[PDB]
Each structure stands twice: as structure tokens, then as C-alpha cells.
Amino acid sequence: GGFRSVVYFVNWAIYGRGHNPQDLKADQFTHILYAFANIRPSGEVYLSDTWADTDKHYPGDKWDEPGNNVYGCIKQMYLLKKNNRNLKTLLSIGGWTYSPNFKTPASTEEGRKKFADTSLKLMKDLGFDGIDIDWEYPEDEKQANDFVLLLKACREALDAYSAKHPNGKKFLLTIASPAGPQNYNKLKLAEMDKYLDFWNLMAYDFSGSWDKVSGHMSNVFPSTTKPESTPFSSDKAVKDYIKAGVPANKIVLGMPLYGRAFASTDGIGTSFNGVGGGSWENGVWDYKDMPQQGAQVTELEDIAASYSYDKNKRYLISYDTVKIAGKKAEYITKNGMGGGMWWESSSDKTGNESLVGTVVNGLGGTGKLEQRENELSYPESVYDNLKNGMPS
């Protein structure tokens, strides 16, 4: 099989960030996760922003087309699929903000079947190749077990749909999973893997404003000489997943397209007070805004981690450089992993300095990516333009 190039497209990015689907370099990805749909206490899944998802008209969208029609980012996602038959889209449900809405509907058969039914309905209507569930994070045993039951319900819904369309494609079921031991150790990994096409390992946010010491937020390996600079490592998580019975080729390594800052610090692994500003929110900086003026860049090739430090401001920022992106690529190849995933599409640089481009090339180029045709046929969609293949 080949490597997967997965990226999250955030629906709120069309606003302040001015990032639209048409800005995506389709050729460098194999999967696009459209984030995030919300969940009703009954189990019913629904689009979070009607304006961004379905109502907004982009250049080329007519006003007098016959029948029921969809526009917004949904139409743009389908248009990319038309141009790149190897490009798949998934409807991403949950996310950090919406995560508290899982427990209730997941706790019972009714809510789970409802979740499975509504998500499938949206998938078949909106033209997605599958669904992705981001639950952050199951708090205990019960939730942990209900998660497996939820995945079982969705897998059956997606399969039953395929059965009714023999010559059509198969649909995907994926989830974003934790890289922190305390979170994944309570998950029935082996049991869950039976229903999943692949896992999107969130190997980031290892350190941040919640800490007492500054650290690397997405390192592959731990630091031996300076333990305190690495509270976590992605390698530790990869090994544990594999030991839990999950196949390495199904694990996609997540990577950040942003950096986390630490103020008033001597350097990596020392105390900090505050996080200063950010590109949009305090303490978080888009990769495209790096490096800042006055900062020296340090790259630790052995643990695959880099950061910037301004001696005058005593300001530290943990983010990946192209060089470090290259090291993670090597890690993926070495361990026969499923590929790379990024959060999120708006903050990367364009061209030679793109983190995604670096990884993809490090993976062997487009030719080494997974080749698996997407689905364009949606005969059961309630939208006329969609089922007619967005002809215009």
C-alpha cells in the first residue's frame, strides 16, 4: 500500500483567517477532514455552521439553478474531488469544543444508532467518502466501552450503504486518537481497530500554557540528557499502539502547522511565566508567521524537534522546521506507518518552505501516496446539483 497525506480543513477558517477550500493544494493530499460537525443529545449529528458549510456562494455558484442545491465549502470539497480522483473527503464530528456532547448519546443503543444513522445521512447527502470521529477524550471505562459500540454502529451503517450500491466504493471510518498514555491506556485499541480504516495519531500539544516548564510540544523521541524538556514523545505512543495490537500501517502520524510559545524563560526545559501573544490567540503562532524577528532557531535532529528563542525577550516558541519535518518523514518511512496528518490547512507556508510538501517528498513524492479512487456517485443525495456531479 502507499502512504496517506491527511489534512484538516477547519470551517471557521473562511472568516478571519481568509482561508477557503480553493486555496488547498489538492495534489499533495489523499484525505481532507472537514471539521467539525456537532452532536445533539439524542445522537443526531448536524453541521455546525450552515453559512460556511452549505449556504455561502463562491464565484461560480449560480442563483437560479433548478431544484434543491448545496453551496458553501461542501460544494468546494466536491469540486476538488472531481479534479483529483485520488482525493478523499471525510466529515469530522466532535473536536475539542464539541467533545462533551459524546457521552450521553454514546451511552445507549438508541443514541448510537441515531448517531450512526444521521452521520451516514450527511455523508451520503453531502458527498463525503467517509466519517471521522474526534472524541477528546473518553473519561472512563464506560465511555471507553461505549466508544467501541459507537464505532461498531457506524461501521455497520457505512457497510449497509455500500451493500445497496454494489458497484460503488467502500466508505471510510477514522478517528483522531491521543498520544498521551493516561488517555490511550483506557481505550480498547485492539477492539476499536476492527472498525477503523486508519488512526490519526495526534502527536502534538505535548507541552503548553498549562505547564510549569517549557518543553517540546511534538517531539518524536524523548531527551536523555535533558528529560524535563520532553514530558512526552510520539515514539512512545506508536510503540504502545503497536503492542496493543494496532498495525503500524494503519497509524497516521499527526503533525502541527502551528507553534506554542512560552514567555519569560531561559530556554527549553526551564520555567516560564505567560505565553505572550499569538497570530490569532495568545500562545499559539501559525507556522507561516515563523520565524519572528530577533529569534534564533535551534533544531534537534536526534529527537526531531526544533524551536525559536529570542534572547532579548526571553521568548520561546516550539514549532517544526522543514528540516524537522524531514526527520518525522524518515520516522514514518522507517516504521512503515500509514502516513502523515496535519492540523491545520490554513497555517502552512506555500512552496519550498511548506512542511507538508517536505514530508510528502520525504515520503517519496506523490507517486508513493496511497492510490485509491474516491467516490463521485451519490444517487441518494437530496441535492440535485450534487447528484448530477456539480455540472453547472
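Counting begins at 1, following the sequence as shown.
Averaged over their C-alpha atoms, the temperature factors of 37-45 and 324-332 are higher for 37-45.
Comparing 88-96 with 204-212, the higher mean C-alpha B-factor in the PDB entry belongs to 204-212. Of all the options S119, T104, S229, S234, the entry's greatest CA B-factor is assigned to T104. Per the deposited record, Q296 carries the highest C-alpha B-factor of all listed residues (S264, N219, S279, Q296). The PDB entry assigns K188 a C-alpha temperature factor belonging to the highest third of its chain's modelled residues. Sort the chain's modelled residues by C-alpha temperature factor and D134 lands in the middle third, per the entry.
Ranked against the other modelled residues of its chain, the C-alpha B-factor of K152 as given in the entry falls in the middle third. For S392, the recorded CA temperature factor ranks within the highest third of the chain's modelled residues. In the PDB entry, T366 places in the highest third of its chain by CA B-factor.
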